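J.: how does the following fold in three dimensions:
(one chain, ligands or ions: 1)
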Amino acid sequence: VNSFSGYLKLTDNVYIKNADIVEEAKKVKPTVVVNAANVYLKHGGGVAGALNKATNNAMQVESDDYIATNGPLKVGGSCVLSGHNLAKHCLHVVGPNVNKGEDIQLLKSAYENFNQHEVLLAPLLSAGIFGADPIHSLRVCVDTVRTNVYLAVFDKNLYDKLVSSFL
Ligand SMILES: CN(Cc1nnc2c(=O)[nH]ccn12)c1ccc2nccnc2n1
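T.: Residues are numbered from 1 along each chain as shown. Here you go:
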């Protein structure tokens with residue numbers, strides 16, 4: 001038993017809710033919140049900008065030190081950093097950005113990072129300003145992640161389309 005509430009169950013291990021991931025994180029304090037990161041950990045907009053703003057920019061400060069030491073992430077890769085006031089840990093995961101021409105096949109590699117964590121609160125990777133089809137992203141999530149994932153979808157309209165079209 002865990003503290004996630006109001007989710008619809010899509011499969012054995014994948015759950016979904018119309019929710020703002022920032023508010024959901026502050027209420028649940030999950031062990032892991034996933035950020036929709038870029039390789040530079042520049043949290044300017046989308047989910048990343050929202051999460052970083054909620055940390056009063058502490059996420060960005062920590063991220064800049066990480067990059068200065070380690071260099072950029074790979075598309076499809078991840079790193080574990082602090083969750084600040086939102087979660088114990090933040091798993092920064094880089095899905096391909098279609099608006100940068102990155103290969104959509106890397107979306108599966110991106111979701112494989114979730115399997116290193118037993119339970120996660122996450123957004124749909126490569127959705128939103130990353131330009132992928134969220135229905136495709138949900139399909140890859142379900143077909144790749146084997147650990148317990150709680151997907152927060154900010155847009156109610158999109159949430160309804162995702163549920164109603166789910167096979
Ligand atoms: C309504 N939105 C934005 C949005 N608002 N909240 C969320 C969320 O929570 N996850 C992902 C997206 N998203 C759309 C709609 C069509 C899209 N078609 C292709 C890529 N992105 C798209 N985004």
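J.: return the residues of the chain in contact with the ligand.
T.: Contacts of the chain with the ligand, taken as Cβ under 6 Å from any ligand atom, map to 123-124, 127-128, 131-134, 153-155, 158. Heads up, the C-betas are built off the backbone N, CA and C, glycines and all.
J.: do that again at 5 Å, thanks
T.: Counting by Cβ under 5 Å from any ligand atom, the positions of the chain adjacent to the ligand are 124, 127-128, 134, 153-155, 158.
J.: okay, strands next: where are they in this structure?
T.: Taking DSSP state E to define them, one finds strands in the chain at 8-9, 14-18, 32-36, 78-82, 89-93, 119-122, 148-153.
J.: please identify the most buried of the ones you listed.
T.: A comparison of the strands of the chain by mean neighbour count, using mean count of other Cβ atoms under 10 Å, puts strand 32-36 on top with a mean of 28.
J.: relative to strand 89-93, how tilted is that strand?
T.: Angle between the axes of strand 32-36 and strand 89-93 is 30 degrees (criterion: axes from the mean of the first three to the mean of the last three Cα atoms, to 10 degrees).
J.: and strand 32-36, how far out from the chain's middle?
T.: 4 Å (Cα atoms, centre = their mean, to the nearest Å).
J.: does anything pack onto it? Which helices or strands?
T.: Here strand 32-36 touches helix 46-54, strand 89-93, strand 119-122, going by 3 or more Cβ pairs under 8 Å, 6 or more residues apart in numbering; DSSP states H and E.
J.: what residues does it touch?
T.: 21, 25, 43, 46-48, 51, 59, 83, 86-93, 95, 114, 117, 119-123, 125-128, 130 (Cβ atoms under 8 Å, 6 or more residues apart in numbering).
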